[PDB]
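**Q** Handing over coords06.txt, compact mmCIF, C-alpha atoms.
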# COMPACT_ATOMS: atom_id res chain seq x y z
CA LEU A 703 0.00 0.00 0.00
CA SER A 704 2.90 2.17 0.82
CA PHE A 705 4.17 1.36 -2.55
CA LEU A 706 0.94 2.46 -4.01
CA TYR A 707 1.28 5.66 -2.19
CA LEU A 708 4.74 6.40 -3.39
CA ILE A 709 3.77 5.38 -6.88
CA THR A 710 1.22 8.09 -6.95
CA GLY A 711 2.97 11.44 -6.34
CA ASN A 712 1.83 12.44 -2.89
CA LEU A 713 3.61 12.40 0.39
CA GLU A 714 1.84 11.84 3.76
CA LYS A 715 0.25 8.49 3.87
CA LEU A 716 3.35 6.71 3.49
CA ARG A 717 4.83 8.76 6.21
CA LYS A 718 2.28 7.85 8.84
CA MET A 719 2.61 4.32 7.78
CA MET A 720 6.34 4.73 8.01
CA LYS A 721 5.85 5.88 11.50
CA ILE A 722 3.71 3.00 12.24
CA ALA A 723 6.05 0.38 11.14
CA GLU A 724 9.23 2.10 12.20
CA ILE A 725 7.45 2.13 15.49
CA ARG A 726 7.11 -1.54 14.95
CA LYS A 727 10.86 -2.12 15.08
CA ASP A 728 13.30 -2.39 11.94
CA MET A 729 17.03 -3.09 10.86
CA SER A 730 16.52 -3.02 7.11
CA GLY A 731 13.36 -1.12 6.09
CA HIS A 732 13.87 2.58 6.87
CA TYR A 733 15.12 2.73 3.42
CA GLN A 734 11.56 2.69 2.28
CA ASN A 735 10.90 6.08 3.85
CA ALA A 736 14.03 7.80 2.69
CA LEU A 737 14.33 7.78 -1.11
CA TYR A 738 11.28 9.50 -2.39
CA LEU A 739 11.97 11.91 0.32
CA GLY A 740 14.91 13.98 0.83
CA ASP A 741 14.80 14.46 4.61
CA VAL A 742 14.36 11.57 7.11
CA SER A 743 13.86 11.42 10.78
CA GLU A 744 14.66 7.80 10.71
CA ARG A 745 18.19 8.94 11.14
CA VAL A 746 17.44 9.88 14.71
CA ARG A 747 16.45 6.26 15.32
CA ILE A 748 18.95 4.77 12.90
CA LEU A 749 21.97 6.01 14.67
CA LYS A 750 20.76 4.16 17.68
CA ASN A 751 20.74 0.87 15.66
CA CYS A 752 24.08 1.70 14.23
CA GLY A 753 25.43 4.33 16.57
CA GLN A 754 28.90 4.12 15.05
CA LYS A 755 28.64 7.66 13.73
CA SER A 756 29.47 6.01 10.47
CA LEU A 757 25.97 5.75 9.19
CA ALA A 758 25.25 8.92 10.79
CA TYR A 759 27.97 10.72 8.78
CA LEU A 760 27.19 9.08 5.45
CA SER A 761 23.67 10.03 5.82
CA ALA A 762 24.34 13.22 7.76
CA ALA A 763 26.58 15.35 5.75
CA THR A 764 24.29 16.84 3.08
CA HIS A 765 21.64 18.62 5.17
CA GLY A 766 24.74 20.31 6.28
CA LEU A 767 24.77 18.07 9.18
CA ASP A 768 27.89 15.61 8.89
CA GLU A 769 28.99 17.24 12.02
CA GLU A 770 26.88 15.70 14.85
CA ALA A 771 27.89 12.35 13.36
CA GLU A 772 31.41 13.42 13.89
CA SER A 773 30.79 14.66 17.45
CA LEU A 774 29.81 11.30 18.80
CA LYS A 775 32.34 9.59 16.60
CA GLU A 776 35.08 11.43 18.30
CA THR A 777 33.58 10.92 21.72
CA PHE A 778 33.65 7.23 21.28
CA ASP A 779 37.24 7.17 20.35
CA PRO A 780 36.62 7.02 16.54
CA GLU A 781 37.09 3.83 14.46
CA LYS A 782 36.51 4.99 10.86
CA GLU A 783 39.64 5.08 8.71
CA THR A 784 38.80 4.08 5.20
CA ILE A 785 35.61 4.28 3.08
CA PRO A 786 34.47 2.80 -0.37
CA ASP A 787 33.16 4.80 -3.51
CA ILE A 788 29.77 5.95 -2.41
CA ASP A 789 29.38 9.63 -2.87
CA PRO A 790 25.69 10.30 -3.55
CA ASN A 791 25.48 9.61 -7.25
CA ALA A 792 22.02 7.82 -8.11
CA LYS A 793 18.68 9.67 -8.98
CA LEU A 794 15.92 9.78 -6.55
CA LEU A 795 13.78 11.46 -9.15
CA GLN A 796 10.38 10.92 -10.90
CA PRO A 797 6.63 11.20 -10.25
CA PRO A 798 4.22 13.48 -11.71
CA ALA A 799 4.59 17.21 -12.56
CA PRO A 800 1.38 18.74 -14.11
CA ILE A 801 -0.42 17.13 -17.18
CA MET A 802 -0.78 13.37 -17.43
CA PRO A 803 -1.51 12.24 -13.75
CA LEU A 804 -0.73 10.30 -10.72
CA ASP A 805 -3.59 7.92 -9.98
CA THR A 806 -5.09 8.11 -6.60
CA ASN A 807 -8.12 6.86 -8.26
CA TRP A 808 -8.26 5.31 -11.50
CA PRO A 809 -11.12 5.47 -13.86
CA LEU A 810 -11.92 2.76 -16.45
CA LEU A 811 -15.20 1.37 -18.07
CA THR A 812 -16.67 -2.11 -18.80
CA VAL A 813 -16.54 -0.95 -22.38
CA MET B 605 66.25 -21.18 23.86
CA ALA B 606 63.16 -22.40 22.20
CA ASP B 607 64.05 -20.75 19.03
CA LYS B 608 66.90 -23.08 18.61
CA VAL B 609 64.31 -25.77 18.92
CA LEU B 610 62.11 -23.98 16.59
CA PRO B 611 64.01 -25.18 13.51
CA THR B 612 63.53 -28.48 14.93
CA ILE B 613 59.83 -28.38 14.81
CA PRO B 614 57.71 -28.37 11.62
CA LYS B 615 54.24 -28.57 10.12
CA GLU B 616 51.90 -29.97 12.60
CA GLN B 617 53.97 -29.19 15.61
CA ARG B 618 53.72 -25.57 15.02
CA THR B 619 50.08 -25.91 14.95
CA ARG B 620 49.68 -27.50 18.28
CA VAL B 621 51.92 -25.22 19.97
CA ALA B 622 50.37 -22.38 18.07
CA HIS B 623 47.22 -23.25 19.83
CA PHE B 624 49.10 -23.15 23.04
CA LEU B 625 50.46 -19.79 22.08
CA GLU B 626 47.10 -18.64 21.27
CA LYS B 627 46.27 -19.84 24.78
CA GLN B 628 49.11 -17.75 26.01
CA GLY B 629 47.44 -14.97 24.20
CA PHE B 630 50.48 -14.34 22.26
CA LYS B 631 48.37 -13.91 19.29
CA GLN B 632 50.88 -12.00 17.26
CA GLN B 633 53.48 -14.48 18.03
CA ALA B 634 50.88 -17.09 17.41
CA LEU B 635 50.56 -15.38 14.08
CA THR B 636 54.26 -15.67 13.39
CA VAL B 637 54.19 -19.42 13.80
CA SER B 638 50.79 -19.63 12.17
CA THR B 639 50.58 -22.66 10.03
CA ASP B 640 47.20 -23.70 8.49
CA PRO B 641 45.03 -21.71 6.14
CA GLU B 642 42.27 -22.28 8.40
CA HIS B 643 44.41 -21.76 11.32
CA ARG B 644 45.84 -18.65 10.02
CA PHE B 645 42.47 -17.57 9.00
CA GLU B 646 40.70 -17.72 12.29
CA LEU B 647 43.63 -16.24 14.01
CA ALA B 648 43.67 -13.63 11.33
CA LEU B 649 40.12 -12.82 12.29
CA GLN B 650 41.24 -12.31 15.78
CA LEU B 651 44.39 -10.59 14.68
CA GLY B 652 43.25 -8.31 11.91
CA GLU B 653 46.48 -7.82 9.85
CA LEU B 654 44.07 -6.73 7.27
CA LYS B 655 46.03 -6.71 4.16
CA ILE B 656 47.93 -9.52 5.53
CA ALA B 657 44.78 -11.48 6.03
CA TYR B 658 44.04 -10.79 2.44
CA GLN B 659 47.27 -12.37 1.35
CA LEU B 660 46.45 -15.39 3.41
CA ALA B 661 43.15 -15.37 1.67
CA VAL B 662 45.02 -14.75 -1.42
CA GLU B 663 42.33 -15.92 -3.61
CA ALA B 664 40.14 -16.69 -0.64
CA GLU B 665 38.50 -19.56 -2.35
CA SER B 666 35.24 -19.28 -0.42
CA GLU B 667 32.74 -16.53 -0.24
CA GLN B 668 32.16 -17.81 3.20
CA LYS B 669 35.53 -16.51 4.00
CA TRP B 670 34.52 -13.30 2.44
CA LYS B 671 31.30 -13.21 4.31
CA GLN B 672 32.95 -13.81 7.61
CA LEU B 673 35.69 -11.54 6.78
CA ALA B 674 33.33 -8.87 5.50
CA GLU B 675 31.77 -8.52 8.87
CA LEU B 676 35.22 -8.26 10.35
CA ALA B 677 36.47 -5.70 7.79
CA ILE B 678 33.51 -3.63 8.23
CA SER B 679 34.17 -3.65 11.92
CA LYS B 680 37.66 -2.37 11.29
CA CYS B 681 36.06 0.11 9.06
CA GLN B 682 38.37 -0.93 6.33
CA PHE B 683 35.72 -0.36 3.75
CA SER B 684 37.65 0.62 0.62
CA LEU B 685 39.08 -2.74 0.64
CA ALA B 686 35.95 -4.17 2.25
CA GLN B 687 34.09 -3.10 -0.81
CA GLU B 688 36.70 -4.75 -2.84
CA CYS B 689 36.31 -8.00 -1.03
CA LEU B 690 32.61 -7.77 -0.73
CA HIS B 691 32.43 -6.79 -4.27
CA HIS B 692 34.77 -9.61 -4.90
CA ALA B 693 32.26 -11.63 -2.99
CA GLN B 694 29.66 -9.61 -4.87
CA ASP B 695 27.71 -10.16 -1.78
CA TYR B 696 25.09 -7.64 -2.52
CA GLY B 697 22.98 -7.18 0.61
CA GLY B 698 25.44 -5.87 3.26
CA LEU B 699 27.42 -4.11 0.62
CA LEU B 700 24.24 -2.35 -0.44
CA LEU B 701 23.77 -1.04 3.05
CA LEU B 702 27.04 0.86 2.93
CA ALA B 703 26.73 1.86 -0.65
CA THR B 704 23.33 3.22 -0.21
CA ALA B 705 24.16 5.04 3.01
CA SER B 706 26.64 7.34 1.40
CA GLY B 707 24.76 6.75 -1.90
CA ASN B 708 26.05 5.90 -5.41
CA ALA B 709 25.01 5.43 -9.08
CA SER B 710 28.08 3.53 -10.09
CA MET B 711 27.34 0.98 -7.50
CA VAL B 712 23.93 1.08 -8.89
CA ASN B 713 24.96 0.27 -12.50
CA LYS B 714 26.99 -2.77 -11.58
CA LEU B 715 24.40 -3.58 -9.09
CA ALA B 716 21.76 -3.05 -11.77
CA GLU B 717 23.45 -5.70 -13.50
CA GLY B 718 23.14 -7.52 -10.26
CA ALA B 719 19.61 -6.45 -9.87
CA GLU B 720 18.95 -8.35 -12.94
CA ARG B 721 20.59 -11.25 -11.28
CA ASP B 722 18.70 -11.56 -8.11
CA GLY B 723 15.44 -13.52 -8.99
CA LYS B 724 12.74 -11.83 -6.98
CA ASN B 725 11.23 -8.87 -8.67
CA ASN B 726 11.00 -6.32 -5.94
CA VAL B 727 14.57 -5.18 -5.05
CA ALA B 728 15.46 -4.51 -8.57
CA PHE B 729 12.65 -2.12 -8.83
CA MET B 730 13.92 0.03 -5.93
CA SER B 731 17.12 0.16 -7.68
CA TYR B 732 15.53 1.27 -10.91
CA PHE B 733 13.72 3.95 -9.14
CA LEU B 734 16.65 4.78 -7.04
CA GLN B 735 18.68 5.41 -10.09
CA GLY B 736 15.74 7.24 -11.40
CA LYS B 737 14.71 5.24 -14.23
CA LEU B 738 11.09 4.62 -14.93
CA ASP B 739 12.15 2.91 -17.95
CA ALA B 740 14.05 0.34 -16.09
CA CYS B 741 11.30 -0.19 -13.65
CA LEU B 742 8.83 -0.68 -16.46
CA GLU B 743 11.06 -3.05 -18.47
CA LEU B 744 11.50 -5.10 -15.39
CA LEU B 745 7.74 -5.39 -14.99
CA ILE B 746 7.46 -6.75 -18.49
CA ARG B 747 9.32 -9.77 -17.54
CA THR B 748 7.58 -10.44 -14.16
CA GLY B 749 4.00 -9.96 -15.20
CA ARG B 750 3.48 -7.14 -12.78
CA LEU B 751 0.91 -5.72 -15.20
CA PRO B 752 -1.67 -3.81 -13.10
CA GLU B 753 1.10 -2.29 -11.11
CA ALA B 754 3.16 -1.36 -14.10
CA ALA B 755 0.30 0.63 -15.33
CA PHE B 756 0.25 2.69 -12.13
CA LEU B 757 3.81 3.71 -12.47
CA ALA B 758 3.46 4.27 -16.15
CA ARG B 759 0.62 6.55 -15.28
CA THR B 760 2.00 8.34 -12.30
CA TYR B 761 5.18 9.46 -13.47
CA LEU B 762 4.17 9.26 -17.08
CA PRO B 763 6.20 7.65 -19.69
CA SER B 764 2.66 7.26 -21.27
CA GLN B 765 3.32 3.63 -21.36
CA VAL B 766 -0.02 3.59 -19.74
CA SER B 767 -1.33 3.74 -23.18
CA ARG B 768 0.97 1.10 -24.46
CA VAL B 769 0.91 -1.15 -21.54
CA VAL B 770 -2.76 -0.83 -20.91
CA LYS B 771 -3.53 -2.29 -24.25
CA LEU B 772 -1.49 -5.32 -23.47
CA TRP B 773 -2.87 -5.82 -19.95
CA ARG B 774 -6.26 -5.40 -21.31
CA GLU B 775 -5.32 -7.94 -23.82
CA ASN B 776 -4.70 -10.42 -21.14
CA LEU B 777 -7.95 -9.53 -19.80
CA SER B 778 -9.20 -9.80 -23.22
CA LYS B 779 -8.01 -13.28 -23.33
CA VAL B 780 -10.13 -13.75 -20.39
CA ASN B 781 -13.05 -12.32 -22.07
CA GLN B 782 -16.01 -10.54 -20.87
CA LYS B 783 -16.45 -6.97 -21.84
CA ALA B 784 -16.00 -5.68 -18.37
CA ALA B 785 -12.94 -7.88 -18.32
CA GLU B 786 -11.74 -6.43 -21.62
CA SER B 787 -12.07 -2.76 -20.37
CA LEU B 788 -11.30 0.10 -22.85
CA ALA B 789 -10.02 3.71 -23.59
CA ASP B 790 -6.98 6.03 -23.72
CA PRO B 791 -7.44 9.73 -24.98
CA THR B 792 -11.22 9.74 -24.63
CA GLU B 793 -14.24 7.78 -23.41
CA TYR B 794 -13.47 5.52 -20.48
CA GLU B 795 -10.33 7.41 -19.92
CA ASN B 796 -9.67 10.72 -21.41
CA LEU B 797 -5.74 10.46 -21.13
CA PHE B 798 -4.36 13.54 -22.69
CA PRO B 799 -7.89 15.21 -22.71
CA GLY B 800 -8.08 14.87 -18.93
CA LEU B 801 -4.96 17.08 -18.80
CA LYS B 802 -3.65 16.60 -15.19
CA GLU B 803 -0.24 15.47 -13.48
CA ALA B 804 2.55 13.37 -14.98
CA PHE B 805 3.99 15.16 -18.04
CA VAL B 806 4.78 18.36 -20.00
CA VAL B 807 7.73 20.51 -20.93
CA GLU B 808 8.18 23.62 -18.76
CA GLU B 809 8.39 22.15 -15.28
CA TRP B 810 10.22 19.48 -17.00
CA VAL B 811 12.83 21.92 -18.37
CA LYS B 812 13.37 23.36 -15.00
CA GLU B 813 13.56 19.81 -13.90
CA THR B 814 15.98 18.94 -16.64
CA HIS B 815 18.36 21.18 -15.08
CA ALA B 816 17.24 20.22 -11.65
CA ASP B 817 18.36 16.69 -12.07
CA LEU B 818 21.63 18.13 -12.85
CA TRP B 819 22.19 20.41 -9.75
CA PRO B 820 22.18 19.71 -6.04
CA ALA B 821 19.07 21.07 -4.38
CA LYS B 822 20.96 22.58 -1.51
CA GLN B 823 20.40 23.71 1.93
CA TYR B 824 23.76 23.27 3.55
CA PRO B 825 25.71 19.99 3.02
CA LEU B 826 29.08 18.04 2.10
CA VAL B 827 31.10 16.68 -1.04
CA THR B 828 28.43 14.09 -0.99
CA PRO B 829 26.09 16.38 -3.07
CA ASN B 830 22.37 17.57 -2.42
CA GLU B 831 18.92 16.76 -4.02
CA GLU B 832 16.31 17.08 -1.14
CA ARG B 833 12.77 15.83 -2.04
CA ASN B 834 10.16 17.31 0.27
CA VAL B 835 7.72 20.23 0.68
CA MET B 836 9.53 22.60 -1.53
CA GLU B 837 9.78 20.04 -4.12
CA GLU B 838 6.02 19.79 -4.17
CA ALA B 839 5.65 23.47 -4.73
CA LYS B 840 8.06 23.97 -7.60
CA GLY B 841 6.88 20.82 -9.10
CA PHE B 842 3.44 22.03 -9.37
CA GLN B 843 4.48 25.37 -10.78
Re-express the file's structure as structure tokens.

**A**
Amino acid sequence: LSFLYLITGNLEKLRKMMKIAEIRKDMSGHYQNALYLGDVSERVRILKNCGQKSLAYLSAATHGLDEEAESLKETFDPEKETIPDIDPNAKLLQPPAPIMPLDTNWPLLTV
Amino acid sequence: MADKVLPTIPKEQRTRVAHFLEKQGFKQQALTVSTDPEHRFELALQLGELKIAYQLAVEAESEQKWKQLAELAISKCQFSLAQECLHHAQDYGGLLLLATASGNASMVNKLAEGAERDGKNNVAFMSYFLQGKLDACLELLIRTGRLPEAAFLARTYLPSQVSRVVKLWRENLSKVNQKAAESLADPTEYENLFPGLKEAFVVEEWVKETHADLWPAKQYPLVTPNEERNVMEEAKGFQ
């Protein structure tokens, strides 16, 4: 259903749902909320699952917020030292600008 | 004193004693004696000469090694390499978690290739999307027989495949006759497609967009570029 909601070009319903299944635990699923979005709040939770400031940085940096991820990372006694490619490079783009719909509701006919 | 003896011990001996050494907790030293690929390997896990462990791996000769190792590498946060091993493993799932977290297209192409590999429909889609590629998502659907669903995407974010696709879906339906089951129209009648005139296509927004895809949305960030995708987005998008 969530998928239907993201298919369609509108934003909330998925988010409450996201709340209500985030709230029902998770280790690989948060992902669903993030892409079609920019911003995620999941990160507040996420760090707790990870909490190695690593995820928090990778995620963090672009809202102009790499920084908190570093603060903890330091506090720990950091453990990061090498990284692989991953520089945001894939397009979270597509959906439905004016003319030629969405489909909340879909019309048809027996004919 | 022992070292003089040491020449005068070989293969297997080294192993036993190595275990003793290991018991001594003279792991490094235990490393020096080290004498079985397994033996070396486990110790290596404990030990973490990372590169060194790789050489022992050499050609690992078991993804299981890589899997085990991957967890370890990741712990050491020796990712550049980890990626190489994991990639070498091509063990997609864990590897995805990293790759995604910083984000990356390149990973995505190779992966796309992978995506094709995996054998359940769903992941591959996220990828296609993730990349931004309706086209890919839709092509994927063609193989799986996702047909109702494919239509929704084709509609929402318009590649107007809704017209193309709908005919085919309908055809299936058609096969399974009954007029209601057949179901029919694209520009006008049942559907009024382009005559409805509403929210998944056009040039101007699109032009702005054309660029948009190219820059980073911005708010304040890192070398790891911007795109956003929230309230603002909704507003311009309408424009």

**Q** Find the residues of chain A in contact range of chain B, meaning any atom within 8 Å when counting all atoms listed in the file, and list them as a PyMOL selection string.

**A** chain A and resi 709-711+737-741+757+760-761+763-768+781-805+809-813

**Q** Please measure the separation of atom CA of residue B:612 and atom CA of residue B:629, giving the value in Å to one decimal.

**A** 23.0 Å

**Q** Counting all atoms listed in the file, which of B:714, B:751, B:792, B:607 gets nearest to residue B:775?

**A**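 Smallest distance to residue B:775 is found for B:751.
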
**Q** Write stretch 657-693 of chain B as an mmCIF file, in the coordinates of the input, completed to N, CA and C atoms.

**A**
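To be explicit, this is the file written out as out-v3.cif:
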data_model
loop_
_atom_site.group_PDB
_atom_site.id
_atom_site.type_symbol
_atom_site.label_atom_id
_atom_site.label_comp_id
_atom_site.auth_asym_id
_atom_site.auth_seq_id
_atom_site.Cartn_x
_atom_site.Cartn_y
_atom_site.Cartn_z
ATOM 1 N N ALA B 657 45.840 -10.525 6.017
ATOM 2 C CA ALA B 657 44.780 -11.480 6.030
ATOM 3 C C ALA B 657 44.388 -11.712 4.626
ATOM 4 N N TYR B 658 44.366 -10.627 3.820
ATOM 5 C CA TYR B 658 44.040 -10.790 2.440
ATOM 6 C C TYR B 658 45.012 -11.701 1.784
ATOM 7 N N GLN B 659 46.307 -11.572 2.041
ATOM 8 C CA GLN B 659 47.270 -12.370 1.350
ATOM 9 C C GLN B 659 47.069 -13.786 1.683
ATOM 10 N N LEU B 660 46.709 -14.067 2.941
ATOM 11 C CA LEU B 660 46.450 -15.390 3.410
ATOM 12 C C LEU B 660 45.311 -15.935 2.658
ATOM 13 N N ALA B 661 44.338 -15.042 2.381
ATOM 14 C CA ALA B 661 43.150 -15.370 1.670
ATOM 15 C C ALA B 661 43.630 -15.787 0.418
ATOM 16 N N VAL B 662 44.442 -14.873 -0.145
ATOM 17 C CA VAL B 662 45.020 -14.750 -1.420
ATOM 18 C C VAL B 662 43.764 -14.680 -2.151
ATOM 19 N N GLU B 663 43.598 -15.574 -3.105
ATOM 20 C CA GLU B 663 42.330 -15.920 -3.610
ATOM 21 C C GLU B 663 41.745 -16.648 -2.469
ATOM 22 N N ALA B 664 40.653 -16.135 -1.861
ATOM 23 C CA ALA B 664 40.140 -16.690 -0.640
ATOM 24 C C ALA B 664 39.849 -18.115 -0.864
ATOM 25 N N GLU B 665 38.923 -18.318 -1.807
ATOM 26 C CA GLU B 665 38.500 -19.560 -2.350
ATOM 27 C C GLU B 665 37.245 -19.980 -1.621
ATOM 28 N N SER B 666 36.486 -19.003 -1.078
ATOM 29 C CA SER B 666 35.240 -19.280 -0.420
ATOM 30 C C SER B 666 34.713 -17.967 -0.061
ATOM 31 N N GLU B 667 33.508 -17.682 -0.593
ATOM 32 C CA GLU B 667 32.740 -16.530 -0.240
ATOM 33 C C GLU B 667 32.505 -16.583 1.200
ATOM 34 N N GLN B 668 32.413 -17.756 1.813
ATOM 35 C CA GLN B 668 32.160 -17.810 3.200
ATOM 36 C C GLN B 668 33.197 -17.141 3.955
ATOM 37 N N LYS B 669 34.448 -17.293 3.500
ATOM 38 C CA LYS B 669 35.530 -16.510 4.000
ATOM 39 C C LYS B 669 35.219 -15.111 3.837
ATOM 40 N N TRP B 670 34.819 -14.675 2.648
ATOM 41 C CA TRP B 670 34.520 -13.300 2.440
ATOM 42 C C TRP B 670 33.409 -12.841 3.269
ATOM 43 N N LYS B 671 32.369 -13.623 3.494
ATOM 44 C CA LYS B 671 31.300 -13.210 4.310
ATOM 45 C C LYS B 671 31.715 -12.972 5.713
ATOM 46 N N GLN B 672 32.509 -13.892 6.257
ATOM 47 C CA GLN B 672 32.950 -13.810 7.610
ATOM 48 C C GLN B 672 33.792 -12.629 7.854
ATOM 49 N N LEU B 673 34.670 -12.503 6.885
ATOM 50 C CA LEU B 673 35.690 -11.540 6.780
ATOM 51 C C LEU B 673 35.083 -10.201 6.612
ATOM 52 N N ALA B 674 33.988 -10.100 5.847
ATOM 53 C CA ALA B 674 33.330 -8.870 5.500
ATOM 54 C C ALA B 674 32.841 -8.220 6.731
ATOM 55 N N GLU B 675 32.288 -9.039 7.641
ATOM 56 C CA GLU B 675 31.770 -8.520 8.870
ATOM 57 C C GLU B 675 32.903 -7.937 9.661
ATOM 58 N N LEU B 676 34.030 -8.666 9.669
ATOM 59 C CA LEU B 676 35.220 -8.260 10.350
ATOM 60 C C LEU B 676 35.792 -6.948 9.841
ATOM 61 N N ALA B 677 35.859 -6.804 8.501
ATOM 62 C CA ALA B 677 36.470 -5.700 7.790
ATOM 63 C C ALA B 677 35.777 -4.459 8.051
ATOM 64 N N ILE B 678 34.457 -4.637 8.035
ATOM 65 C CA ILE B 678 33.510 -3.630 8.230
ATOM 66 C C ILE B 678 33.686 -3.129 9.607
ATOM 67 N N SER B 679 33.933 -4.045 10.567
ATOM 68 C CA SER B 679 34.170 -3.650 11.920
ATOM 69 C C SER B 679 35.369 -2.778 11.979
ATOM 70 N N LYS B 680 36.455 -3.149 11.292
ATOM 71 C CA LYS B 680 37.660 -2.370 11.290
ATOM 72 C C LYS B 680 37.549 -1.131 10.538
ATOM 73 N N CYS B 681 36.460 -1.018 9.792
ATOM 74 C CA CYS B 681 36.060 0.110 9.060
ATOM 75 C C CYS B 681 36.975 0.302 7.920
ATOM 76 N N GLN B 682 37.478 -0.847 7.424
ATOM 77 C CA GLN B 682 38.370 -0.930 6.330
ATOM 78 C C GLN B 682 37.600 -1.286 5.100
ATOM 79 N N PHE B 683 36.682 -0.393 4.786
ATOM 80 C CA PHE B 683 35.720 -0.360 3.750
ATOM 81 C C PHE B 683 36.169 -0.283 2.357
ATOM 82 N N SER B 684 37.238 0.442 1.994
ATOM 83 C CA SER B 684 37.650 0.620 0.620
ATOM 84 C C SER B 684 37.901 -0.706 0.030
ATOM 85 N N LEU B 685 38.701 -1.400 0.809
ATOM 86 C CA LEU B 685 39.080 -2.740 0.640
ATOM 87 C C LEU B 685 37.923 -3.631 0.850
ATOM 88 N N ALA B 686 37.048 -3.315 1.841
ATOM 89 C CA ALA B 686 35.950 -4.170 2.250
ATOM 90 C C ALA B 686 35.055 -4.355 1.103
ATOM 91 N N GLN B 687 34.831 -3.262 0.382
ATOM 92 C CA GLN B 687 34.090 -3.100 -0.810
ATOM 93 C C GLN B 687 34.749 -3.931 -1.815
ATOM 94 N N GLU B 688 36.084 -3.919 -1.886
ATOM 95 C CA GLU B 688 36.700 -4.750 -2.840
ATOM 96 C C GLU B 688 36.459 -6.152 -2.560
ATOM 97 N N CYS B 689 36.593 -6.636 -1.335
ATOM 98 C CA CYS B 689 36.310 -8.000 -1.030
ATOM 99 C C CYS B 689 34.902 -8.351 -1.208
ATOM 100 N N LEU B 690 34.001 -7.533 -0.728
ATOM 101 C CA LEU B 690 32.610 -7.770 -0.730
ATOM 102 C C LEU B 690 32.101 -7.782 -2.062
ATOM 103 N N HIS B 691 32.649 -6.894 -2.887
ATOM 104 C CA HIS B 691 32.430 -6.790 -4.270
ATOM 105 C C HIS B 691 32.945 -7.993 -4.845
ATOM 106 N N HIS B 692 34.112 -8.464 -4.387
ATOM 107 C CA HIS B 692 34.770 -9.610 -4.900
ATOM 108 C C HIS B 692 33.871 -10.746 -4.607
ATOM 109 N N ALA B 693 33.249 -10.744 -3.437
ATOM 110 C CA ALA B 693 32.260 -11.630 -2.990
ATOM 111 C C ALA B 693 31.025 -11.473 -3.813
#
